[PDB]
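What follows is a short report on a single structure.
Protein chains: 2
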Amino acid sequence: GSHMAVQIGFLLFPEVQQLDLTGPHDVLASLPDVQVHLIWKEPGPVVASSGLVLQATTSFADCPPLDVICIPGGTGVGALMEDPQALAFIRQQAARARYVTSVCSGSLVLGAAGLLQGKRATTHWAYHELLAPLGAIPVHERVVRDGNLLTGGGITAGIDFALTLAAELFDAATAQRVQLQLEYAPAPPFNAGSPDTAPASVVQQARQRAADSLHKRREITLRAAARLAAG
Amino acid sequence: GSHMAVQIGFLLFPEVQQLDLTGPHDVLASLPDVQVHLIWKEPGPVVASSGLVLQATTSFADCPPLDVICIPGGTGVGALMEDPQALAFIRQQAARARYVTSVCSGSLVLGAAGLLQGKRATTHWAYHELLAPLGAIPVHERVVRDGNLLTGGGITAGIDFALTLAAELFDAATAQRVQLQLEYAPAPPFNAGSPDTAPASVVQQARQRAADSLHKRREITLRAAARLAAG
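So this is what it looks like as structure tokens:
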């Protein structure tokens with residue numbers, strides 16, 4: 001309107017881990033004058049990994065130049081990593097976006113798009129070995145920042161970095177106001193959010209359950225890397 | 001199937017604060033054998049306060065007996081507090097549910113349904129004075145438990161209590177596994193999630209911005225209380 005509207009965009013794709021996206025969405029959608037997009041090849045229903053149905057609000061072609069782009073993760077990321085249209089849109093938008101961001105395995109899509117080369121980055125802990133092949137410097141921190149790239153490992157990392165983005169786009173007082181108004185005050189009743197804090201028996205379970213997925217994602221990653229190499 | 005399916009149900013209503021619901025949804029939907037419902041007067045699109053579109057999966061009438069019911073908050077709660085159909089469904093389900101829960105201003109709906117009488121409970125901090133008129137013992141804690149009632153003040157409190165519910169429905173090892181697999185490891189870059197930690201200037205801003213809403217919600221609350229009194 002008669003203020004500058006910040007254009008904020010989430011990639012919304014089948015089998016997305018919905019909370020990756022919906023967390024930062026509610027935070028950023030609180031900010032003054034912003035316009036938030038859920039972006040897919042076409043507008044309309046997209047099913048998340050839980051069966052939860054979201055609605056994409058815009059196609060790739062109709063998406064305005066974004067100020068913030070965010071790629072969430074989820075099972076659906078493996079397909080996205082070899083999706084030439086999606087990767088081309090992500091590259092297009094990343095060229096000029098003020099902020100390029102991802103949650104969870106969303107960073108592996110950034111990697112497949114060629115956007116992690118020589119960058120410090122993280123991803124979901126079970127898939128961390130897939131960073132180096134995509135040219136990233138792999139870093140084990142909840143949110144890793146490299147210039148205007150922010151990558152968050154865990155499911156709610158986007159809620160946290162959304163507050164950082166709020167403070168920079170606007171001011172610290174604005175970010176603090178949003179945190180208070182939403183009353184965002186996390187206090188988990190367990191301490192098993194990191195493979196370095198969870199019980200060993202639990203870490204081994206989770207490694208065992210992710211094994212087939214990691215195997216499949218590694219094969220995809222190596223194909224994505226070879227495409228980038230051929231350059 | 002050939003295991004017992006826990007029936008988990010979120011009230012999904014127009015102008016819901018979506019993250020209230022989508023947080024605990026992704027956590028609980030991770031649990032073994034569970035079936036998760038988004039419940040409204042009819043299945044189909046429901047617009048959240050941000051403009052984000054969700055899909056209700058079931059009507060009141062078709063909703064199975066729930067093991068967990070969760071009422072989220074958001075601007076839409078004021079209408080819900082005087083919605084005789086919605087209140088009757090919430091009472092019906094609460095009678096036998098193992099767990100009755102809410103996030104944010106969702107507890108004021110529980111209160112309007114007559115379910116907070118003599119119970120310790122919390123709600124969104126800006127509306128906390130509305131607890132006593134609905135018969136609750138108001139408590140300032142992130143998640144307040146009274147028997148099988150859990151009420152959470154802030155936007156992600158349901159993510160946290162979802163882990164508690166996981167541990168009780170199944171076991172601590174299961175809850176820890178879910179936390180690790182999702183990599184839920186919150187670390188906000190500000191400390192303004194409570195009116196006792198945020199800067200005073202920020203707390204006064206937020207109080208000023210919520211004033212009209214609180215005024216309107218108080219009027220609604222007092223009508224809801226008088227209905228309960230007439231008994």
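Chains as they are written, first to last, in the deposited numbering: chain A, 1 to 231; chain A', 1 to 231. A prime marks a further copy of an entry chain. Virtual Cβ for every residue (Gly too), placed ideally from N, Cα, C.
Which residues in the same chain as residue i place their Cβ atom closer than 8 Å to its Cβ, once the five residues preceding and following it in sequence are excluded?
{"i": "residue 16 of chain A'", "result": "46, 48, 49, 54, 72, 73, 74, 76"}
{"i": "residue 33 of chain A'", "result": "1, 3, 4, 5, 6"}
{"i": "residue 223 of chain A'", "result": "82"}
{"i": "residue 197 of chain A'", "result": "191"}
Here's a check: name, in chain order, each residue in its chain whose Cβ is nearer than 7 Å to the Cβ of residue i, leaving out the five neighbours to either side.
{"i": "residue 39 of chain A", "result": "9, 10, 11, 12, 56, 58, 60, 63"}
{"i": "residue 52 of chain A'", "result": "18"}
{"i": "residue 225 of chain A", "result": "133, 134"}
{"i": "residue 41 of chain A'", "result": "59, 60, 85"}
{"i": "residue 87 of chain A", "result": "112, 113"}
{"i": "residue 98 of chain A", "result": "67, 68, 148"}
{"i": "residue 127 of chain A", "result": "105, 108, 214, 217"}
{"i": "residue 14 of chain A", "result": "46, 47, 76"}
{"i": "residue 36 of chain A", "result": "8, 25, 28, 29"}
Looking at the secondary structure, which residues open and close the beta strand (DSSP E) in which residue i lies?
{"i": "residue 35 of chain A'", "result": "35-40"}
{"i": "residue 12 of chain A", "result": "Counting along the chain, residue 12 of chain A falls outside any beta strand (DSSP E), and DSSP gives it neither H nor E."}
{"i": "residue 150 of chain A", "result": "149-152"}
{"i": "residue 44 of chain A", "result": "44-47"}
{"i": "residue 54 of chain A'", "result": "53-56"}
State the start and end residues of the unbroken alpha helix (DSSP H) segment that holds residue i.
{"i": "residue 27 of chain A'", "result": "18-28"}
{"i": "residue 69 of chain A", "result": "Note, residue 69 of chain A: premise wrong, no alpha helix (DSSP H); beta strand (DSSP E) at 68-71."}
{"i": "residue 169 of chain A", "result": "157-169"}
{"i": "residue 6 of chain A", "result": "Neither: residue 6 of chain A is in no alpha helix (DSSP H) and is coded neither H nor E."}
{"i": "residue 219 of chain A", "result": "211-230"}
{"i": "residue 78 of chain A", "result": "77-80"}
{"i": "residue 175 of chain A", "result": "172-182"}
Excluding five sequence neighbours on each side, which residues of the same chain lie with their C-beta closer than 6 Å to the C-beta of residue i?
{"i": "residue 149 of chain A", "result": "100, 119"}
{"i": "residue 23 of chain A", "result": "156, 158, 159"}
{"i": "residue 117 of chain A'", "result": "135"}
{"i": "residue 137 of chain A'", "result": "120"}
{"i": "residue 30 of chain A", "result": "178"}
{"i": "residue 162 of chain A'", "result": "24, 27, 28"}
{"i": "residue 146 of chain A'", "result": "119, 120"}
Item checked: Continuous beta strand (DSSP E) assignments of at least 3 residues falling wholly in the region 89-147 of chain A -> 99-103, 143-146
Next item on the list: Flag this pair as touching only if the region 202-220 of chain A and the region 114-129 of chain A' have three or more C-beta atom pairs under 8 Å; answer yes or no.
Entry: no
Margin query: I'd like to know if the region 174-185 of chain A' and the region 95-112 of chain A' are in contact, where contact means that at least 3 CB-CB pairs between them fall below 8 Å.
Written below: no
Check: For the region 18-27 of chain A' against the region 76-88 of chain A', are there 3 or more C-beta pairs whose distance is under 8 Å?
Finding: no
Item checked: Touching by the beta-carbon criterion (3+ pairs, under 8 Å), the region 88-107 of chain A and the region 149-168 of chain A -> yes
Next item on the list: Report the residues of the region 177-200 of chain A with a CB closer than 9 Å to any CB of chain A', ordered along the chain.
Entry: 177, 178, 179, 180, 181, 182, 183, 184, 185, 186, 187, 188, 189, 190, 191, 192, 193, 194, 195, 197, 198, 199
Check: Along the region 127-150 of chain A', what residues have a CB closer than 9 Å to any CB found in chain A?
Finding: 142, 143
Next item on the list: Would you list, in chain order, the members of the region 7-20 of chain A' that have their beta-carbon closer than 8 Å to a beta-carbon of chain A?
Entry: 17, 18, 19
Item checked: Positions along the region 63-85 of chain A' whose CB lies within less than 7 Å of some CB in chain A -> none
Checklist line | Residues from the region 198-220 of chain A' in contact with chain A, defined by Cβ distance under 9 Å | finding: 198, 199, 201, 202, 203, 205, 206, 209, 210
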